[PDB]
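Q: before the rest arrives, take these chain(s) from the complex:
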Amino acid sequence: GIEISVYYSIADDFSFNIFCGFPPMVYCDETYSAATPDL
Amino acid sequence: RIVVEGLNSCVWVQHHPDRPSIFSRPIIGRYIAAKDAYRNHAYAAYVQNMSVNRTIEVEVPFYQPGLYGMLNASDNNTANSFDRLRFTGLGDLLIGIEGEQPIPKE
Amino acid sequence: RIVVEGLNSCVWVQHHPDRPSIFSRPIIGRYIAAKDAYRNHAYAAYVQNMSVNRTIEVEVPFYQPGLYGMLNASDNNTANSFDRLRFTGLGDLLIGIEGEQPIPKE
Amino acid sequence: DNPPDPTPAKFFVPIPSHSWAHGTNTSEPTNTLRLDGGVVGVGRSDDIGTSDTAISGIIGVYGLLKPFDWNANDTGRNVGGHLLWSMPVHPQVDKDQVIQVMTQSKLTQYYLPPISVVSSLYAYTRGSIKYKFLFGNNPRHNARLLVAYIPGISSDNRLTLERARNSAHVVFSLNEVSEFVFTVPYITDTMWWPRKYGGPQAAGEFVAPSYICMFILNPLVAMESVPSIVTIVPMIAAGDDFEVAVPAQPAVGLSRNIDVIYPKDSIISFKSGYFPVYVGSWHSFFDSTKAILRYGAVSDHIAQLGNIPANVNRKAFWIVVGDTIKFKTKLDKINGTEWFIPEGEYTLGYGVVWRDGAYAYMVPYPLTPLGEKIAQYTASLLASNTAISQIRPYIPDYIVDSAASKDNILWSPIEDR
Amino acid sequence: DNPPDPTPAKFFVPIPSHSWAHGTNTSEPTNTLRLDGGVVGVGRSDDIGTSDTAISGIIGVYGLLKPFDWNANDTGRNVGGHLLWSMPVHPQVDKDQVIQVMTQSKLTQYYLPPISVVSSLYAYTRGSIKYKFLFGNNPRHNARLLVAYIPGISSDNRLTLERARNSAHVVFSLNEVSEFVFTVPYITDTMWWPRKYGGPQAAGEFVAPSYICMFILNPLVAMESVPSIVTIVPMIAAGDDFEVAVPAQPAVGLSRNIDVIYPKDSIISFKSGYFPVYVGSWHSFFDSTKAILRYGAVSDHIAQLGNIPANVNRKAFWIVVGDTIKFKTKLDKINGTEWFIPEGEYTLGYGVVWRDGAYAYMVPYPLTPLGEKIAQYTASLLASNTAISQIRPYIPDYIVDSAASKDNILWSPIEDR
Amino acid sequence: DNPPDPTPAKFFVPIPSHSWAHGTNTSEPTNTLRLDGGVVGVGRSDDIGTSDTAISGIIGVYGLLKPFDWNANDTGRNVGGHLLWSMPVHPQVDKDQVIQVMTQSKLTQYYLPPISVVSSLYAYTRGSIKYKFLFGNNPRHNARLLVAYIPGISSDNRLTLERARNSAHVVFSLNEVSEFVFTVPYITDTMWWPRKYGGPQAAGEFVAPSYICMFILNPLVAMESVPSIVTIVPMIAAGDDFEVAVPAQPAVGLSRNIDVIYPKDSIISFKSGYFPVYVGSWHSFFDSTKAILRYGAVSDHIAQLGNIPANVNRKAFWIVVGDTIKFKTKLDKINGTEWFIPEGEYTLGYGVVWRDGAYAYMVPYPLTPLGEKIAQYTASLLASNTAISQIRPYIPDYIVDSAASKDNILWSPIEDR
């Protein structure tokens, strides 16, 4: 098959405009544990 | 802008301003008359190897003997054949192949 | 402008201004004498890989001992062999291959 | 005229794309999908502000931390020298000092403050931190607190009021005052400090450099016509001197999708015929007063775990992945800690492996933030070959046999600080 | 002399072609097929104008809309408060307010005004619209009309004269005046308004923001020596404040070739042995007073449709693709509408599916713009499980059995607003 | 020092070669095969002129056209009003007004004037043309001629002196004058006029816009001691106002190699057993007074042609490709023309197909420029189903059976204006 990878970023005319709260987050270190430091 | 995909050979392109078609449909391959099927001399042309780029970019000029060229012209035109023949189209553009490489089954 | 299609190898081109042909037809392959069939030294040359570009662009200079070169010269010329030999053509241009790659059946 | 141009060709190096890393102080060639082929940018007005992504304006906004109660009638705790609240100082807050939401088989959601969210995007950090303390009091309540910043300390293991006074500290009076801010210093042996939480498998993680602790100087007083409990709500923001160094893999992800696929290679379960399982007791384990997983009511019928891979850390406890069960357990308060489990029905979320010869057994723990801590501590005690009699108070009690599982139960290895 | 040139090579990114989207404010490298290798352009003179593609000059030209008659002797309609003419306001005109030409098995040709043609090339639109009204009168005729612009309304469902007067409106007197223009405002909750008609499968389509309505204030009067009918010809052009935002897939195509190949996967027909078909009656369907397609004269011999795919919208009616038939039907005027079909011979162009258990039957409709509307409305009534007795007036009547088809008849799914 | 160069890479488009069409007003990068790597050009002096390729200097040179005799004793032709010489006006001369050399099985060589050669390189043309007329007279001869330029006429079908005087014309007196030039105007409904002769298969061909004609006003007079014939040699050059627009496929090729390979698919011949062939007579064809090709002396033994492809134009005649034969024929002068074939031995070069039912026969024509014209005219008469009795005078006469061919004879389709 073919593989298509789309990367993206903000343009120069872009603006993140009105700051409301952050939503609650998850922690990446709680996906794959360090209980098996190499896996 | 001619985009040719699937061919590893070379493409030649000619512009025939004094030979424009009186039909609004293209002619393909073995149905093209000999007068056009082969490269003519002295015409403005461009020859491009697909190995360097598979996209050809050309600009076709206006070489007509009159004031205007007709837009939206009919293919059913016998009362004004002259208008339809030489005062309508910019002239045929021919796209051909220059090499011995075979064409893939696709 | 030399356009070579179908070959993946390298092409060499030499200009022999002091060796112009007395015939108005080219010589091909195994019929070319050894003196010309192989790259000569010290001649103005250009060597081009087909992998980078399949079109070679060169300009051949005028290197003749006289005032003019003859246009429209005859191949049947025995009374003026000297004129036909060195005062007619710019000198042969030789196009060869430099590599071990086989030529396709086409 | 057709003059030749024998100007020598230049050497150039072909590359497929422009910079992937650069985000400032450079132009970026690109094919704009517009009709106008110049330098074009969307129109603006006062209706549409400028980008509000200036970091200092973001991390200056206070975020809420885990609140706690301050009971004036507690003749045991409400005394001079008592430690009310303490934690390491770093921009990301400790996970156990932040409001949480847990989901069985999914990831935990953490309510991180703005300074914590932004910091998880960068590798280094430095500067003062503003700790705002909000008190639920009225003009009757009075007390005095001593809050301290202890450089080079990560825990309260050697921490007492009479030591805390020997570091940078402040003394707050709660006399008709409900809010105050303790802007703590930045005291380090280096200029930038590595973030604590990093990436998957603790990628690029480290520890906090200092500790903040709140001690009772003069105990809380109330009266009879007034609430005896005063809640304290800690909040956190960046000081004016705060900075963030280097873009790295975000320590965080959004909570729009809290699904996660644990590695199949680490999964363990019970051997065939040793499931379904239930929580119960047996005699050879603290005279059947503690909870373990059994596969039947005949004795020495304690569920055995399948092959446990050798790459699994010895100090690691486990978390249930698939379906689970509910069970009634309890745990009495442990000496020197605020660790206790009231008697109630809890879901099974964590487990600790109890080894007896060539047989491996599993000890159940409740799906609760405190259950996570007690499970981890127990696994550590088994790791150091601690006396069987001294691990006893860290194990949930046996009350009554619980429901059985539908089928086998799957577990995944985890480990905390 | 042959000095080395060790100047560092530059990084460059190879791409096969120049911009495809840019049409203004940029140069375009290209290989000109000329003898002159400079910047060359065809010669000009006053004999040859400059390009007349300036949009404002195009959309300013009035285009004709569907005319209508205004009968002074109609003691029913020619009364105060009566709605003569109304439609949504948008640059593309509604399809049913434009002169049409239909072709069996082909696409309909619409005579769109310049403002409508240009607008179908762009995604957004805004500004005032000039509605010119031309009246076929002479100095004897007199009336007064009230034309209104109702912002935020798309239909006349709640529209009355006594409400229309409560929006922006004008009052025209027909006293020896034959032409007047009503330049309507642009009243929207946003700055650009998305076009109504878009692309295939209603790609990127939306609705109109406002409504224009013409009411009778003072009814038309004529005399005995003068025509009692006054035709009204509506025309449309862009106001001086009109603009078009963003290039998109043209909503339109030329009429040089009106051929179309409907998707083979959506085509439905009658089961084998259930065709040829003809239009007739049977008792269990409104006592055989309505038209349905039969395959024979024995009763309960009603043509059955083949498998109807589940991806077909429930509110969709059908259009005949291949060969068809002619049939004589009629429909009496429906209460509250100007909907009626005079008794005549019509070609079969549309159909609505009538379901009875595991059997599906097809109801015939005439190939006429009004037949298209009635067919759609009926399909919608079946969709909401409307009373069988209330759908009855929307079904063509049975007059006499019609000719049979050569063979099976093929149908394709369609749906309107 | 080794500073980084993070300057963004530029987008560039790779192409294999520089312009192929450009010949002026541009530079051309190339690899010069020299020792000197700069802009180098061969040395010059007065011994070596500058390029003499300026068009105006080329097409200004007179070229010779087909001469003709002007006989003072011809009491039939040498009369007032008689047309001596006429042709369409265009830069390429008509082929039949130019000196020719024919070669069996090869191409014809035409002696084109400089204005004709140059014009065949370009697509369009315009301007005045200088027609110089040279007379072979001495002071005894006298006459007056009227030469006219008729705009919008291509032939002499409606041309008379009394009409020619109603267009731009000149009146020349031959009284002790031997040379004069008639610079004709350019009268067209457009600015450029397409060339007449184009490429293979009449590619891009068209017609001439106007006609030039020479009439006898006052007939030629001589005396008894003086030649009664005066030759007239027409010559042609471009006027000072002449221009050439657009490079196209040359209408011409050199005569160094006049070989040509006619398309094998168009070739026709006689069926097997119906060759060798000879020229003879038979009764059912104008009572055996006309020439046809037979395969034997028994009657109804007329050579039959093989399958003739349907793509061959109906008005087309044929030309012999391979070996051929010689035959003695004649043709008497045809009314209203100067068309006659004196009795002589001619080679067989052309043929016209005579159809009789399912059988196709071939009529022989001499390899001569006039034979080419008569053959074409005959083929056209058969095309319009002209009366068999009216085509009779255009067919070569039968004199005597000629030699037979070695084998079959091959023919190729051709067609003229």
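A: Right, received. Where do you want to start? Numbers count the residues shown, from 1 in each chain, chains lettered A, B, ... in the order given.

Q: Would you map the strands across chain B?
A: Assigned by DSSP state E, chain B shows strands spanning B:2-3, B:10-16, B:45-49, B:55-56, B:58-59, B:92-98.

Q: What lies in contact with the third one?
A: When you say that, I think you mean strand B:45-49. B:10-15, B:39, B:56, B:58, B:98, C:3, C:5, C:53-55, E:31, E:33, F:15-17, F:19-21 (Cβ atoms under 8 Å, 6 or more residues apart in numbering or on different chains). (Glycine included, C-beta is placed from N, CA and C.)

Q: Contact partners for the spatially most central residue of chain A?
A: By Cα atoms, centre = their mean, the mean C-alpha position of chain A lies nearest to residue A:28, the distance being 9.8 Å. Taking Cβ under 8 Å, 6+ apart, we find residue A:28 in contact with D:198-200, D:203, D:249-253.

Q: Scan the residues you listed and report the most crowded one.
A: Greatest neighbour count in those, by other Cβ atoms under 10 Å in any protein chain shown, goes to residue D:251: 26 neighbours.

Q: so that one sits right up against residue D:200, yeah?
A: No. Residue D:251 lies out of contact with residue D:200 (Cβ atoms under 8 Å); the separation is 10.0 Å.

Q: Find the residues that touch each one of the two.
A: A:28-29.

Q: Please determine whether the longest helix seen in chain B lies in contact with chain E.
A: If you go by DSSP state H, chain B has its longest helix at helix B:81-86. No. Contact of helix B:81-86 with chain E is not found when judged by Cβ under 8 Å from any Cβ of the partner chain; the minimum separation is 15.3 Å.

Q: what's that helix in contact with?
A: B:18, B:20, B:22, B:64-66, B:70, B:73-74, B:77, F:194, F:206.

Q: Taking the centroid of chain B, which residue is nearest it?
A: Central residue of chain B (Cα atoms, centre = their mean): residue B:93, at 1.5 Å.

Q: how about that one, what does it touch?
A: B:13-16, B:60.

Q: could you redo the last one with a cut-off of 7 Å?
A: Shown in contact with residue B:93 (Cβ atoms under 7 Å, 6 or more residues apart in numbering or on different chains): B:13, B:15, B:60.

Q: Compile those residues into JSON lines and extend it with columns for distance to chain E and neighbour count.
A: Formatted as JSON lines, these follow (distance: Cβ to the nearest Cβ, whole Å; neighbours: other Cβ atoms under 10 Å in any protein chain shown):
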{"residue": "B:13", "distance to chain E": "8", "neighbour count": "22"}
{"residue": "B:15", "distance to chain E": "5", "neighbour count": "22"}
{"residue": "B:60", "distance to chain E": "6", "neighbour count": "15"}
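
Q: Now render the residues you listed as JSON lines, adding distance to residue D:405.
A: JSON lines is the format used below for the contacts of residue B:93 (distance: Cβ to Cβ, whole Å):
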{"residue": "B:13", "distance to residue D:405": "74"}
{"residue": "B:15", "distance to residue D:405": "80"}
{"residue": "B:60", "distance to residue D:405": "78"}
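
Q: while you're at it, add chain G from this line:
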Amino acid sequence: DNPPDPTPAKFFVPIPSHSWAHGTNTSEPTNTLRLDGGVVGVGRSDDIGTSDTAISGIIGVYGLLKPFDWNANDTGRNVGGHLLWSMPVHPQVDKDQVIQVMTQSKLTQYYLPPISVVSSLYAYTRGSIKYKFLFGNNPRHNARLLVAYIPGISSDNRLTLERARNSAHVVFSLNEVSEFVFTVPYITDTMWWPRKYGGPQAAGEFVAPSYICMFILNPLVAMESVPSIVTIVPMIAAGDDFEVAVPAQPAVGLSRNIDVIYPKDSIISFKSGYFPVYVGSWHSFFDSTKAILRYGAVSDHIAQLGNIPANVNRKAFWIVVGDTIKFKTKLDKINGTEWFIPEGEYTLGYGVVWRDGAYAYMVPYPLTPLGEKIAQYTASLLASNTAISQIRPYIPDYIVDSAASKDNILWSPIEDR
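A: One more piece, chain G, placed on the ones above:
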């Protein structure tokens, strides 16, 4: 800030390398293998001169030509009008006027003067040539010489003193003078003159334009107490007006490796059983007084040559490639020439093919520069079918049978001017 750069990409043409031909007046991009990445060049001082490759300074240096003796006692040759020395004038010297070293089966080494070496690198040449003549005399010797430059002559076939005086010439007196220079003119019908010797297979070769000849005006006189022989050593250098036009394949190669592989396709030998061979006599060839190669002592046992390819020039003689033999032969002085072979033992180096019907025989020639000339001349005489009696004096004589060869002897085709 990250502004877009929509600047249109440029068309560029990729080529693999920079110029191969350019050697001056241009830069050459390259990857310098240095630590310093700028324009770097090796250091210099007076210890290290500048390049001494200026042509004029090279070709100005005199080179030695083949010396010759001038015998005062030769009452035959030392007379007025006698030609002492002569050759064509061109920058490369004639091969037979240059000191040589021959090697069996290898290439000849020529001691070319600087003007000759440099000229073999270029295609064209022009200018005056300085011929310095050095005489081995003392104050007793006296003579007068006339040296002439004959334009347009290549040989002495029509050359006499009484004709030489009718061209540019000088008259030298040997009266107590030992050196003088004759700077000869450049008299040509063109500006550059093509080099004489070119490349393999006489590639691009031509002839010399003029001739230089030394005649005896007043014969050499000596006395009895003084040497009667005066040696003359000719030397050659370029005049101040000398120039060289165009780089071509060097006419020369170094003598470090004088090996050469002659084409296998041209090699000829004796038929099987007709070798080994020896030099001898037989009666049917000038009564057995001349040398031929035999394969035995029975008569009519003359070695036969194998198949001789038809592409071999008729005027060509042959050279031995592999092993060879020595043989004793002689040749008496031929009338009108200085051609003679003294009686001695010589190696077999050359051969000429003598044809007798379907049989081909080989005639032996000595490996000596004069033997090369006589062999060539003989082959030419056989080419023009010269009388058998007139070729006789050009054939080596038979003295005695020589040794036989080890095996067959291989020959390769060659040809001289």
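
Q: again for the contacts of residue A:28, since chain G is there now?
A: Neighbour list for residue A:28: D:199-200, D:250-253 [criterion: Cβ under 7 Å, 6+ apart].

Q: Find the pair from these with maximum spatial separation.
A: Using Cβ to Cβ, those span at most 11.9 Å, a distance reached by D:200 and D:252.

Q: Give me the nearest residue to residue D:415, chain neighbours excluded.
A: Leaving aside its chain neighbours, residue D:415 sits nearest to residue A:35 (4.0 Å; criterion: Cβ to Cβ, 6 or more residues apart in numbering or on different chains).

Q: Residue D:411 is in contact with the one you found, correct?
A: No. Judged on Cβ atoms under 7 Å, residue A:35 makes no contact with residue D:411 at a distance of 11.2 Å.

Q: Out of the contacts of residue A:28, list just those in strands.
A: Using DSSP E, D:252-253 are the members of those that sit in strands.

Q: Residue 6: neighbour count?
A: Because you didn't say which chain, this covers chain A. 4.

Q: try chain D instead
A: 20.

Q: same deal with residue D:358?
A: Residue D:358 has 6 nearby residues by other Cβ under 10 Å.

Q: And the one 4 residues further on, by the same measure?
A: Counted with other Cβ under 10 Å, the burial measure for residue D:362 works out to 23 neighbours.

Q: I'd like to know which elements the helix or strand where it lies is packed against.
A: Residue D:362 is part of strand D:359-366, with elements assigned from DSSP states H and E. Secondary-structure packing of strand D:359-366 (3 or more Cβ pairs under 7 Å, 6 or more residues apart in numbering or on different chains; DSSP states H and E): strand D:292-294, strand D:341-356, helix D:369-383.

Q: So for chain A, which of these sits nearest?
A: Chain A sits nearest to helix D:369-383 of all the helices and strands packed on strand D:359-366, at 9.7 Å, using Cβ to the nearest Cβ.

Q: Would you mind measuring from the closest residue to residue D:61 other than its chain neighbours to residue D:59?
A: Once flanking residues are discounted, residue D:61 sits nearest to residue D:114: 4.7 Å by Cβ to Cβ, 6+ apart. From residue D:114 over to residue D:59 the distance is 5 Å, taken as Cβ to Cβ, to the nearest Å.

Q: Indicate the residue of chain B located nearest to chain A.
A: Closest point on chain B to chain A, by Cβ to the nearest Cβ, is residue B:5, at 14.6 Å.

Q: Thought residue B:55 was touching that residue, still the case?
A: No. In this structure, residue B:5 is not within contact of residue B:55 by Cβ under 7 Å, at 9.6 Å.

Q: More neighbours: the two, which one.
A: Set residue B:5 next to residue B:55 and count neighbours by other Cβ under 10 Å: residue B:55 wins out with 17 against 8.

Q: Can you tell me how far that one is from chain G?
A: Using Cβ to the nearest Cβ, to the nearest Å, residue B:55 is found at 11 Å from chain G.

Q: Name the residue closest to the centre of chain D, please.
A: For chain D, the residue nearest the mean C-alpha position is residue D:95 (1.9 Å; Cα atoms, centre = their mean).
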